Amino acid sequence: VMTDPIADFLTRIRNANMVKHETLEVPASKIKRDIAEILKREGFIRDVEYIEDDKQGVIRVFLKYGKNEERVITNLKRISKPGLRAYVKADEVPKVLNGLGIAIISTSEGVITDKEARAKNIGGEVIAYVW
Amino acid sequence: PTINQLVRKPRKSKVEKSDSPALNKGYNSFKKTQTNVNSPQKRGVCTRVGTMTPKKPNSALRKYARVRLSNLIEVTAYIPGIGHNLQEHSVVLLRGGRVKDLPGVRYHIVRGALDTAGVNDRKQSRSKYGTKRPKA
RNA sequence: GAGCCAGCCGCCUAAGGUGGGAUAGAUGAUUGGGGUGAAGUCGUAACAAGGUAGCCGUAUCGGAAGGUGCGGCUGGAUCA
RNA sequence: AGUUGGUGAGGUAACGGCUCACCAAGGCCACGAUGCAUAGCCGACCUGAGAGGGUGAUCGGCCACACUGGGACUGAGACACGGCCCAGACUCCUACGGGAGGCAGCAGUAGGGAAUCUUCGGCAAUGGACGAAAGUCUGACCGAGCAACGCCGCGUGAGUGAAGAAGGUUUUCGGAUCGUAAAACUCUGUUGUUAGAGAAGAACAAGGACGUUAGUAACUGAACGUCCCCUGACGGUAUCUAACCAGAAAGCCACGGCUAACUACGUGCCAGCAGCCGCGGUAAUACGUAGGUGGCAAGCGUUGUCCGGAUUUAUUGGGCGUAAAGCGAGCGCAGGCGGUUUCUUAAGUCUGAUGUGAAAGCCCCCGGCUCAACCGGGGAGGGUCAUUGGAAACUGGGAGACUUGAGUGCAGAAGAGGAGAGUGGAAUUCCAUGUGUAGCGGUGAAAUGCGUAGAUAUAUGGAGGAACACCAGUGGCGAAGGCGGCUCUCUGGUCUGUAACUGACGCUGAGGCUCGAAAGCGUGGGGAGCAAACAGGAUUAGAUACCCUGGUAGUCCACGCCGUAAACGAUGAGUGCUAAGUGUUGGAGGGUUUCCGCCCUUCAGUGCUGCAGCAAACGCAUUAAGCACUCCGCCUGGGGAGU
């Protein structure tokens, strides 16, 4: 039984990236769209576009590559996996690779990156890393 | 294991042993009681002194003396240095330290520190073996 | 006279006696297995197809190592 | 079994089974009751990158005990640390009738132990008790004394000084090193000794005078302000000054690798050494002395103990093909985890204010002893705490809506899936009869054996039990163990199509229950072959074994029992994603079509090759041992022993 869909989304991206092809289809829902957006602004995902018929689905995502054929997004990792949720207070906000990476947190005012948290003194639940 | 298991399972450890039990007496007075006495030494009476043979591949005649510690437990210790004065019925101290080329003994006495006499010739490392500096 | 006290009686209970049990430790003729020991007497199961392929469960036998029978495996050489 | 609750009474500073009489049968337990065992608890200290782990001695807070066990009186306050009464063990005095006693207060004594001090001075300060005040008491306390036990500071001198004095040690006998090290000269006194000078710790009650402000008829006084006056255990102590002397003041461990620092002489698997590797049987950098060198230095080594390095209990931070480790497999209560969307609430979550987290500690700033320990002031840190205000993404709780997961309907397909009831042929063997004559059978070689009471062979018929030749295939079905002659009655599961229908009804699953090869047990049957035990024959030094001739239980049937295998793919289960090629069992669609013989698309199993990735290699790779989440089981050096 699919019991953790955000992890599935990240794993799909990691798979489709490691073999180096370009598009990707995933059943759509509330937060998946949001983390897709966040991953798009930062210069990680080339483009997304939302398409829906009668149910979930479907967030198509076109990956991004370097001109010299090298991968920009280099890995992915979930943190607050079910069974053990992980929270962080404002004076604990993680910070991956001394800035060269980002992490994504679910503040009580929405889903934002980490710098946007420390510029606001909020905590919340952390979803995932990426670098 | 899954985190939920360690929740419902203790996840213990493997508590270590000691290398010199006779130095933590299993008490005996007035009513033969339990241990908190992890001393650095004790004493006893030499019940007999002789020599014994080591195991292969070494070869010698190691000089030993069986003792009886005050806390009513038997022990077969070792004596260092060249020569000695130990004979039957003599009080002496016991310093903890194992000796590997011989099996059965894990304590050896301290030289000069008690009834036993210090070694009588050494001139270089007399701290051990209990030899007073020669003042001519 | 009221009121009070010494003395006497009554319930409660520490130590004590008796009884059947519970439980921990030393100790004992004799006995069961284990480890170690320098050179012992007996045989040679396994390692090559170790000279009857090994192994596992099981029943029986025998100075001992082991043999035998049923069922199972390949982590079996050789081989059409 | 006063246990739990109730009615009533009694009682206590005070509510209450605290105690009594009556009534009813409750209470707590897997979220660990009851029992057994160890420990006084905290501020803190030690270690660690950190999470943590281990200790609760000096200093502060609390609790509890006073020779062992009971009881209460006086009192605001005790069931009372130098108080009383009773019982008990111990010590002491009697004139025998009877009495006395409790250093776990400060010193000291015996005993135990590896191991821990003076039977000191003084109320000068601070604090207490009584007193109107002087004052008295104060082993609290302040000081003195002992112990390198800990931490901090300072000496055992400094400048110049060589072709290397003497001597050691060694040597290719040339020298080399100890070494500017010594010598010799020029200086200093922290230190030592002496003689002088020499404090801070002291603020005061009391007593004298002198006022002011409340109260009176008034002043005696009170409550504070101003001045004289009064006292040191430490102790002539800290401290300063002047004189004199290089003079009185360095040991300890180690030198083969880990590890910094090498050569002689001595002994010869003896003496001996070692934390681990290991050295020692004739030229030892490892044993012993000598001489050099290195590390620390008023200290240095050895033992004992706690944390580290240990990612070796893996939350940060490990693993299960063959190295230790997936239960033999299922069914499933409890539990852990959960599809997508609207509104809602605000337990979990983040955030704000207040209280609170003793003092001394660790840390930050500042300051005082000639610096340092130390001392002083001021700040932060620590809660999972309590109250109160916000936000609404995530998880949870409430009212909803959906259809992909799950399931049901309708239409089809395959199968050694199971139980019960009968039935077929071939073969081996025993029996009946005809023929038939001397052998059969067995081995590497032989023998034992059956035969002239006619054997083997051969032909005809009868009996009985067991297993199913060919089809048979890396084929099929089952959850696993496993299921193959044929036909019938009962009966389970899987797969493809359609998309009627309910609306997340799911997954996994400790304890429990079910199934469970072969061998084995019980009761009753049946018994052809085969065969543990056993007998005989052989080979062999021996052969209770391999080879040969016989043969009992067993192997089969019914109902019970046991519950184990290398029960294996040594590979737990659910679910989703990531190149290809090649066969094969069962399907559904589309073209060619006589396709029922090709070609194309797709679902489900089932094999071989192979790319990313992974792996210590061997290898695995859409039937992952790749990438990831959920739930379960298991492991932590080899023996001792699954004892």
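Chains h and l are the protein sequences, given in the same order. Residues in the first sequence are numbered consecutively from 2, following the authors' numbering. Residues in the second sequence are numbered consecutively from 2, following the authors' numbering. C-beta atoms are modelled at their ideal positions from N, C-alpha and C, and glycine is treated no differently.
query, result
"Residues that DSSP places opposite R96/l in a beta bridge", "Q42/l, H109/l"
"Rounded C-alpha distance that separates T24/h from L101/h", "25 Å"
"C-beta contact flag for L94/l and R44/l at 7 Å", "yes"
"Whether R99/l touches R107/l by CB criterion (7 Å)", "yes"
"Whether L73/l touches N29/l by CB criterion (7 Å)", "yes"
"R42/h versus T12/h: straight-line alpha-carbon distance, rounded", "20 Å"
"One or two residues paired with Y130/l in a DSSP bridge", "DSSP, once it has assigned bridges, lists no residue as partnering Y130/l."
"For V68/l and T77/l, the rounded distance between their alpha carbons", "6 Å"
"Cα-Cα separation, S30/h to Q57/h", "6 Å"
"Limits of the alpha helix (DSSP H) - the one that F10/h falls within", "6–19"
"7 Å Cβ cutoff met for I14/h and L77/h", "yes"
"Cβ distance (whole Å) where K56/l is taken to contact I80/l below 8 Å", "Between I80/l and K56/l the Cβ distance is about 19 Å, and since that is not below 8 Å, they are no contact."
"Member of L70/l, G105/l, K133/l whose CA lies at the smallest distance from the CA of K26/l", "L70/l"
"Chain-order list of residues whose beta-carbon lies under 6 Å from that of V59/h (same chain, five-residue window excluded)", "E26, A29, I52"
"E75/l in three-state terms, based on DSSP", "strand"
"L24/l beta carbon less than 7 Å from that of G97/l", "yes"
"Contacts around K65/h, its chain only, beta-carbon distance under 8 Å, and the 5 residues preceding and following it disregarded", "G44, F45, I46, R47, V73, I74"
"Inter-residue CB distance, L103/l and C47/l (contact presumed, cutoff 8 Å)", "That pair is no contact at about 18 Å."
"4-residue-minimum alpha helix (DSSP H) runs that sit fully inside the segment 23–61 of chain h, ordered along the chain", "31–42"
"Under 7 Å between C-beta atoms of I39/h and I105/h", "yes"
"For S107/h: DSSP bridge partner residues", "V112/h, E126/h"
"Residue span of the alpha helix (DSSP H) that contains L7/l, given as start and end", "4–8"
"Inter-residue spacing [alpha-carbon to alpha-carbon] between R123/l and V92/l", "24 Å"
"Under 7 Å between C-beta atoms of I80/h and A37/h", "no"
"Beta-carbon proximity check, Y88/h vs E126/h, cutoff 7 Å", "yes"
"For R72/h, the three-state DSSP class (helix, strand or coil)", "strand"
"Outcome for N18/h when other beta-carbon atoms lying within 10 angstroms are tallied against a minimum of 16", "buried"
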